[PDB]
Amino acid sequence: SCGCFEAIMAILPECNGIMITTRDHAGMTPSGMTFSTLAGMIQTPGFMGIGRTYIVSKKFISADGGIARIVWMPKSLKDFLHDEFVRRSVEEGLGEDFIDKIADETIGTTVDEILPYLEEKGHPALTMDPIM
């Protein structure tokens, strides 16, 4: 949370997961804010500024579920980490196709449009321990 972070992650209580947006993504996100807005008040409780590399680390939010908690990411971020992410998805036992269960602006920018999708795809985060 200094000022070099390429991405920001926020908790999405309604999806029992977390979202992630990036510095170069201008879209609105399920948290009701763009990266710019989140950046303007970043470390607060509920969200933190991070390096994209962190996302594919064995340590990534380890205590709270790791990768499994991610329900939304910009398509561009998925592309940037794809190979790395699929790898981690497999080692975590989520299946190589886990990345396709994660929503993006290709599905929606709000919780309301996203939940339906997460349910259809049987996203793991919906049946895990309460994120909080």
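One-based numbering along the sequence shown.
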| query | finding |
| --- | --- |
| Absent coordinates between residue 42 and residue 43 - deposited residues affected, binned into four classes | 4 to 9 |
| Mean temperature factor over C-alpha atoms, higher-scoring stretch between 118-126 and 16-24 | 118-126 |
| Selection by C-alpha B-factor (highest) of 68, 38, 73, 63 | 63 |
| Residue 94 by Cα B-factor - lowest, middle or highest third of the modelled chain | highest |
| Residue 55 - which third its CA temperature factor falls in, relative to the rest of the chain | lowest |
| Third of chain Cα B-factors occupied by residue 77 | lowest |
| Lowest, middle or highest third - CA B-factor, residue 7 | lowest |
| Entry-reported Cα temperature factor of residue 49, expressed as the chain third it lands in | middle |
